[PDB]
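Next comes just one chain, in structure tokens: the form deposited in one PDB entry.
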């Protein structure tokens, strides 16, 4: 299932290893691989989360395919405890696809030009930049030099493999009102997928370990 984000972005879960019971089996180092035992297994998940013993959650791993603007992916790729592979503008021609904020993005700010004209000015400069990029590529300038004139709102795409512990750290920092609005919108989508795949771990994280201010209520 692809979740759409911003005007042209998305997050899609591509693969997953493990579930809530992976963490309990790892915590106990279990020989037995039987079915769910809600009461016992949820209490252990909560105990782990309540005490900060979160290494067992490293045994649940996700791989996502994300399409986001470069300024969002720069913040995302600061999360070092993860694996990333991104589309390179050294080797491929980059598509004309840019994030243009909605006039609502400026809610709460008083400006001396209308919000619709801000939107138009952004659209205008990114069209001029893309025209220069394509003029340089079609004149024989190597892609890795021509691409440096493109703006930070160009969309890129990457695959991200991350375990549930590092993904909880990502939600603490990016599903939170101090994070920039655009990456919050991605962190809300990732949280919805994590909740679907690992409901006990997700509920325990919100009750005991989640440090942000958006996911609770």
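Think of the rigid core as the biggest set of C-alphas that the two forms share within 1.5 Å after superposition. Residues that one form lacks are left out of the comparison. Numbering follows the first chain given and starts at 1.
Another form, the form deposited in another entry, is not on view; read the next lines as being about it.
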- Among 40, 53, 178, 36, the C-alpha that moves by 2 angstroms or more between this form and the one not shown, rigid core fixed, is that of 36
- Note whether the distance between the C-alpha atoms of residue 199 and residue 32 decreases (closer) or increases (farther) in the other form, against the displayed form; the change is 3 Å or more. farther
- Item | Change in CA distance between residue 35 and residue 23 in the other form, which is 3 Å or more, as closer or farther | closer
- Item | Regions of at least 3 residues displaced between this form and the one not shown by 2 angstroms or more (CA, core superposed) | 29-37
